[PDB]
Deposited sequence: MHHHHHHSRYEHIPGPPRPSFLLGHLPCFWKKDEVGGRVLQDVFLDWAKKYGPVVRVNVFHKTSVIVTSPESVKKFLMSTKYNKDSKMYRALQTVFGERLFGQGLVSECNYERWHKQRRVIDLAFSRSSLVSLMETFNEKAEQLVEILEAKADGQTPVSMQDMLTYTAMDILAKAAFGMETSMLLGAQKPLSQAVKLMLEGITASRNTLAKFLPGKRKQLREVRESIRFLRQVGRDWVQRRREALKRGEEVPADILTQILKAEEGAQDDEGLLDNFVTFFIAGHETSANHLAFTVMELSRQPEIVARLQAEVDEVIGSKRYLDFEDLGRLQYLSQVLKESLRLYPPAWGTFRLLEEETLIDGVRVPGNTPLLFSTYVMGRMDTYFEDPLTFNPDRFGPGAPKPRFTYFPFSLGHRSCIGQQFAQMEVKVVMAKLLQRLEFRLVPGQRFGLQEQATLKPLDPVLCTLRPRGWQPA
């Protein structure tokens, strides 16, 4: 009853329903999300007010399904799911060191090596006939990159290894979804979460044993994850961040790559322009240097436009503590506010012809979106891995565009699914040819 006065209702996803309601009912709309009454806020004035202030913190109730699933601790109080400002700030500042310019520049070797491995695997299948799941292949690549870059470990998913680990991730993601929106499913989800935490325990032991033997350990994300736990009573905080980074550090990047390949399959002119750009910047070089990344300007725009229509992480929640007027609507105290870059990206009020894929929206001369576009969120709780992700995806995309032509298999859909994050409903099945053919 406390919300009844708020405007609202009395390969398609829940986010599409929210979009329809925002269009119908205005910038402040009552909705049910994660079993809780929330208010979706879609004015840029509100995005700015709430996201750009340390006064507004995440609503812990809306992160429960990341913290724990079916009684199994998952992300716990890791960097994404910690909602206490002071606890978050402490760990954020330590882990930030692993995302410095210099830290990220050193990762270019890993990015290049895994992208090269992917391209070689794909080239061998480029007979214009063999169907290849680009969603699967890009997910394996993202996983392999993350494991090496963040933890110094070789998952070798591109070689067909670690199928149990692949299964564990899938079931865990299904578990999050089931929790927030029987006997065998619970068993499989619980065991999957325990498995992921066990991988953490194993890899942490390997790190600590290497350090004690005085072997060479390159500073990485794990280094800082350990540093943040220096004098902790147990390893539960460490494992929280291990799992957080293990999942967050590949899942959204994989989704973003899959969406981009999927969309580009019906954009031949844009693809021809991307092919030309890659040809001009990197030529026949096997390896992309950091300085080459900045020169791939058109690719940068395509990837931004991809995130406008297809943000893997659709938004975020803040807790409104006290009754506040939001865009002429009285919103009661102790209310989750939902911010969605997905919704705002598809609203004609914010983007002309919103369903048109147009990289020119992000052109040098173009007016930059003002608080209407946030695929990495905004403010203090923005994505720590933004620059990491932007670099790795550019390396992967550039090498694909350098070497291969993709055709989406007829019947493949462009629809979305929500599985904790947004991703293509279909496997992005393509046939492939070498460039030139």
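- Numbered from the first deposited residue, the unresolved ranges run 1-7, 18-36, 208-215, 472-474.
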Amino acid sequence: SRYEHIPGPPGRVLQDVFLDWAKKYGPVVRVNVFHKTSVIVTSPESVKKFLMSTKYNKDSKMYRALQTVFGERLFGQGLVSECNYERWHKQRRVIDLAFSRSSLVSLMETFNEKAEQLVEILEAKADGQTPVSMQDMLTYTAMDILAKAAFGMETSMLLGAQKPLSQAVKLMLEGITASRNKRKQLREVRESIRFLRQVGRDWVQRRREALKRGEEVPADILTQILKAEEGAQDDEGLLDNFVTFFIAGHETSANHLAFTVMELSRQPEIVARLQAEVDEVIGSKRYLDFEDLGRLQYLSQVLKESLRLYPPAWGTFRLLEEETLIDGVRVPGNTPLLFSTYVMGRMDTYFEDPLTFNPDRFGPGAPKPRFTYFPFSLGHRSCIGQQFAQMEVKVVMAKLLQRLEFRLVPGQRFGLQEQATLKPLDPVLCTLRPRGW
From here on, numbers count along this sequence of modelled residues.
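Here the rigid core means the biggest group of C-alpha atoms that line up within 1.5 Å when the two forms are laid on top of each other.
- With 292-300 and 162-170 as candidates, the stretch whose CA atoms show the greater average offset from this form in 8 other deposited structures of this protein after a core fit is 162-170.
- After a core fit, the C-alpha atoms in 8 other deposited structures of this protein lie farther on average from the shown form in one of 213-221 and 330-338, namely 213-221.
- Of the other entries compared for this protein that flank it with modelled residues, all give atoms for residue 415, so not even a third lack it.
- Figure legend: residue 427 is marked as modelled in all of the other comparable entries of the protein, none of which omit it, let alone a third.
- Here the stretch with the larger average CA B-factor, out of 29-37 and 402-410, is 29-37.
- Look at the C-alpha B-factors of 227-235 and of 161-169. On average they run higher in 227-235.
- Per the PDB entry, 287 shows the highest C-alpha temperature factor of the residues 111, 245, 287, 75.
- Out of 207, 361, 330, 304, it is 207 whose C-alpha atom has the highest B-factor in the PDB entry.
- Among all modelled residues in this chain, the alpha-carbon of residue 370 has a temperature factor (C-alpha) in the highest third.
- Residue 203: CA B factor in the highest third of modelled residues in this chain (values from the PDB entry).
- Compared with the other modelled residues of the chain, the Cα B-factor recorded for residue 318 ranks in the lowest third.
- Ranked by C-alpha B-factor against the other modelled residues of its chain, residue 13 falls in the highest third.
- Ranked by C-alpha B-factor against the other modelled residues of its chain, residue 211 falls in the highest third.
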